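Let me begin by presenting the structure, written as structure tokens, before commenting on it.
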Amino acid sequence: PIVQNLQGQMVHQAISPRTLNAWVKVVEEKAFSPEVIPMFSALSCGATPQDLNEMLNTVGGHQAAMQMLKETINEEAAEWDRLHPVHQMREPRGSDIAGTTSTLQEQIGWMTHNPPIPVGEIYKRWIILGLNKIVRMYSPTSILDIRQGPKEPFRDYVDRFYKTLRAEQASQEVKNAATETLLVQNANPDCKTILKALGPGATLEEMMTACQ
Amino acid sequence: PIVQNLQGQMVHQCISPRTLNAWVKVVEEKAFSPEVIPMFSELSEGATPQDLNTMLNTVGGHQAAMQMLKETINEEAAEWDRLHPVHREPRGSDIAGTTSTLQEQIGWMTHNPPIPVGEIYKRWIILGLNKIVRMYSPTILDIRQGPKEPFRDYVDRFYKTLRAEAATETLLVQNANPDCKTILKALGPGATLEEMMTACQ
């Protein structure tokens, strides 16, 4: 990230071995589970593009996924160039934000300018866009296949439903009319009848309590 | 969280890897035991709404609970909007950090007078966590050791539940998880609690 030195100059603070190891381990242990995306974002708080590239490079497996990610990154960089024609410092182009044609010092200059040109945050946005695609792709189930079954508690079924909906779906804000109705429809008849009796506008709190 | 520069300016202090991991681990190990509430509040000291969202979003399992929490949050945001008509002032989703930027949140939180959006949002979150603790409250037959719950924490819950409600201790062993159960069974009958806890330490 960025830090200020004894001479007052803004300089790079190298990313920490604790952060690197935490990141490498999350990926080893959780692969492209949906919760890896918030985790990557938090671990990369205040990263320059160089730092972001450092983090992406430490992934050892998943080379197909990492290639797909490069593709998405190049697509966003091209869209940036399309929307930002080039006529303080010089203006960053797409590949500069992605850190492949920009120097660390230039990145620091952009990020710490007044007003700041947040190339670290812009690049992170592109990366998470690509990561989300991968999370979606690696989801092996369709919400539809999540049905309650025989002697599974309602709570466990809701757990699986929203876990799956976080995967085959981009992110965690889900909960449409569609999803509530699907949620009820895929419960077993006992619960379904209880929930239907609840009337529309039932909270998930009320739904879980009723079926407890 | 938030910190001031020597140049006077309020800036963001990134949430630490140690804090992030501690949170994720507490949830993995303790599920929705009541002591999750104090611990969350400690871990989130001085948090901006962005940080609070980071903490909630890094939770991977327990998606029923996390969905309920979103529901409670949206309810409090709507109640905020009901009591704070807008004529800048933060709206509900701004306090919940979904429609406000970090810089805006920092501005509100460090203004004079402060609009403590971090504290307001934390209040909503703990309200929702409390609902979950209440929901997952087992009333003794429904106290069974969790997958990755430390044995000590499980025994705490077991005797706390017995408190609210070889007889109970039989059930204690029976309701322990497979890994610990194997260890305890090998211990032989008449093992003291100290011995059991050391064994599964």
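Counting neighbours? That spans all protein chains shown, and the Cβs are built from the backbone with ideal geometry, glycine included. Basis: the model, the stated rules and, where named, an outside source; no laboratory read-out is quoted.
Which members of region A:138-185 meet the condition of being assigned to a loop (DSSP other than H, G, I, E, B), of a type outside the set (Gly, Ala, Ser) and more than 9 Å from chain B (Cβ to nearest Cβ)? Listed by number, the residues that qualify are A:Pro140, A:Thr141, A:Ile146, A:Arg147, A:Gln148, A:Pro150, A:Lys151, A:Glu152, A:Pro153, A:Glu168, A:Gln169, A:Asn176. All conditions but one from (1) outside any helix (DSSP H, G or I); (2) surrounded by 13 or more Cβ atoms within 10 Å (Cβ to Cβ) apply to A:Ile128; the one that does not is (1).
The single condition among (1) in contact with a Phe, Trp or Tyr (Cβ under 8 Å, 6 or more places away or on another chain); (2) exposed (fewer than 14 other Cβ atoms within 10 Å of the Cβ); (3) not basic (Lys, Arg) that B:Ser137 does not meet is (1). Against the test of being within 30 Å of A:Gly130 (Cβ to Cβ) and loosely packed, with under 14 Cβ neighbours inside 10 Å, the options A:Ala178, A:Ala167 yield a single qualifying residue, A:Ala178.
Scanning region A:14-45 for residues that are within 23 Å of A:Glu106 (Cβ to Cβ), out of contact with any helix residue (DSSP H, G or I) (no Cβ under 7 Å at 6 or more places or on another chain) and surrounded by 14 or more Cβ atoms within 10 Å (Cβ to Cβ) gives a single hit, A:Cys45.
From the residues in region A:199-212 that are at the interface with chain B (Cβ under 9 Å from one of its Cβ atoms) and in a helix (DSSP H, G or I), which one is farthest from the chain's Cα centre (by Cα)? Among those residues, the one meeting the criterion is A:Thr209.
Being of a type in the set (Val, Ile, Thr), closer than 25 Å to B:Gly60 by Cβ, in the same structural domain as A:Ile2 (by CATH) and in contact with a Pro (Cβ under 7 Å, 6 or more places away or on another chain) is a property that does not hold for A:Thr58.
Just to be sure before I move on: is A:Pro92 surrounded by fewer than 15 Cβ atoms within 10 Å (Cβ to Cβ) and more than 27 Å from B:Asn57 (Cβ to Cβ) in the structure I sent? Spelling it out, it is not the case that A:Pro92 is surrounded by fewer than 15 Cβ atoms within 10 Å (Cβ to Cβ) and more than 27 Å from B:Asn57 (Cβ to Cβ). For region A:35-49, the condition holds for at least one residue, the condition being that it is assigned to a helix (DSSP H, G or I), more than 13 Å from chain B (Cβ to nearest Cβ) and under 22 Å from A:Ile122 (Cα atoms). Select from region B:154-190 the residues that are under 20 Å from B:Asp142 (Cβ atoms) and of a type in the set (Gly, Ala, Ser) and list them in ascending order. The answer is B:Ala164, B:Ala167, B:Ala176. When A:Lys196 is tested against (1) surrounded by fewer than 21 Cβ atoms within 10 Å (Cβ to Cβ); (2) outside any helix (DSSP H, G or I); (3) more than 12 Å from chain B (Cβ to nearest Cβ), just one condition goes unmet, and that condition is (2).
In this structure, is B:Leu56 under 27 Å from B:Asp156 (Cβ atoms), within 14 Å of chain A (Cβ to nearest Cβ), more than 11 Å from the chain's Cα centre (by Cα) and not β-branched (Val, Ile, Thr)? No; evaluated as a whole, the condition is false for this residue.
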